[PDB]
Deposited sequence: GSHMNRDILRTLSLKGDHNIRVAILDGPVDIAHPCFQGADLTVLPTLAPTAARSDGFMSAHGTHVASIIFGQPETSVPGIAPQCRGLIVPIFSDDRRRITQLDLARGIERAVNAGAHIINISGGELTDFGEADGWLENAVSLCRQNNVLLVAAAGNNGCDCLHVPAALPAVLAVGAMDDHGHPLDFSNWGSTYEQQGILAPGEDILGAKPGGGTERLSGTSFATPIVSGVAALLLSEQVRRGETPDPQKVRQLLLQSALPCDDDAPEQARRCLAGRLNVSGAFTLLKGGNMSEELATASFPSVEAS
């Protein structure tokens, strides 16, 4: 349905072109820049447009009535982004009142290990009932990316138009528990400098899930219930649908299952 301006979704990424016409009418707050992978998606404008693009523009977003918090994870956009850079960004978003934090990037790890600063920032989200939604990664293996594999994070893999996991989408074991597949093939979004394009990757599946999460929280608000991002995560996981057959793809490549928006809303009402 519709989002809600009291529901706050943070985009943690590289540069975002807020002047792109699809954001005309979007509710966007830009936090100031402070003094095969990377935590920046390289597609901040596109990612943001998936959620906040306005209904009659070149990119109709999923939750255009939600409040957006644009959080830079960089000081110099050419410089490598560290875990402390990311941890600071998460902290800033929590303190700015984020319900959901979208991280469309990540780094390939051994088994989901992370530096203390990042562990602590993710723990903070958990302590404050903030939902972190993070890209599974595009390495095409039994593999784990760092924000995505951390406790209480909702990891997002990529499936095609026909509901099948894309070969490039990572399928590490922790994702079987906390990962869901969302559309990740040729996803429409804004280009910096104007115009639009369709791109494939877990970077683009991620904001679809963040947008749906924002819609679920928005429905809580109109129901007179207090927004509960960690419950919404549980509902997205619980309603996720099994992949049709395992004779073509794999059972493990399905993760916890496929994003099921109608099922998630049914579960939100305490239905069957």
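Missing from the model, by position in the deposited sequence, are residues 1 to 13, 49 to 53, 291 to 306.
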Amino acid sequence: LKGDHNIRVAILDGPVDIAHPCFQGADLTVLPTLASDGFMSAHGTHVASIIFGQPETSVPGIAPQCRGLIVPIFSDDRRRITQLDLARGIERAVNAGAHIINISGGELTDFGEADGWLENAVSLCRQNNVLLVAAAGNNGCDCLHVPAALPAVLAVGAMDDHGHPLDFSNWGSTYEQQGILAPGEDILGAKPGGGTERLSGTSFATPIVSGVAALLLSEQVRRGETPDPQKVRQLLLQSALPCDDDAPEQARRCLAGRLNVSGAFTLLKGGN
From here on, numbers count along this sequence of modelled residues.
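Relative to one another, 166 to 174 and 97 to 105 have unequal mean CA B-factors, and 166 to 174 is the one with the higher figure.
Averaged over CA atoms, B-factors in the entry run higher in 108 to 116 than in the other of 108 to 116 and 152 to 160. As recorded in the PDB entry, 242 shows the highest C-alpha B-factor of the residues 44, 211, 68, 242.
By the numbers in the PDB entry, the CA B factor is greatest at 84 among 133, 84, 188, 130. Residue-level temperature factors show residue 219 in the middle third of its chain, judged at the C-alpha atom. Among all modelled residues in its chain, residue 36 ranks in the highest third by Cα B-factor.
The entry lists a Cα temperature factor for residue 199 that places it in the lowest third of the chain's modelled residues.
In the PDB entry, a CA B factor belonging to the highest third of its chain's modelled residues is recorded for residue 122. When the modelled residues of the chain are ordered by C-alpha B-factor, residue 248 sits in the highest third.
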